[PDB]
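Encoded as structure tokens, the following chain is the form deposited in one PDB entry, with no partner shown.
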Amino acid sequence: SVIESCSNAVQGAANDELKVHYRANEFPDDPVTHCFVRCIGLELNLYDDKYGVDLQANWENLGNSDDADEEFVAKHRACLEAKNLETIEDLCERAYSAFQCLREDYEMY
């Protein structure tokens, strides 16, 4: 529902070629996708513009029900710190940049 609602809440996102990527869980580095990813993130509560990535929620969305491994938290909290998200003015670009920290995780899952 989120994918389909986000393709409509984001301009350009309602696009047959992008949606092909999205369902195949591919997310190209382009301004439409940036906003689509931000939207998914906000809708699923995996993300927030001010507070950033919710690492526990993502841990869950990666097929886990326990408290996140300390490594996982330490790792990505480091990855996200190094991105200086607070200096990225465009919100879609900030969200897209945050979520690349977690890409290795999503892919190996």
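All residue numbers are counted from 1 along the displayed sequence.
What comes next is about the form deposited with a small molecule bound, which is not displayed.
Novice: Just checking whether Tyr22 would be counted as a contact of the small molecule in the deposited complex - the rule being heavy atoms within 4.5 angstroms.
Specialist: Contact with the small molecule, no.
Novice: Find out whether any non-hydrogen atom of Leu46 is located within 4.5 angstroms of the small molecule in the deposited complex, and reply yes or no.
Specialist: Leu46 belongs to the contact set for the small molecule.
Novice: Using 4.5 Å between non-hydrogen atoms, is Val53 touching the small molecule in the deposited complex?
Specialist: The answer is yes: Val53 has a heavy atom within 4.5 Å of the small molecule.
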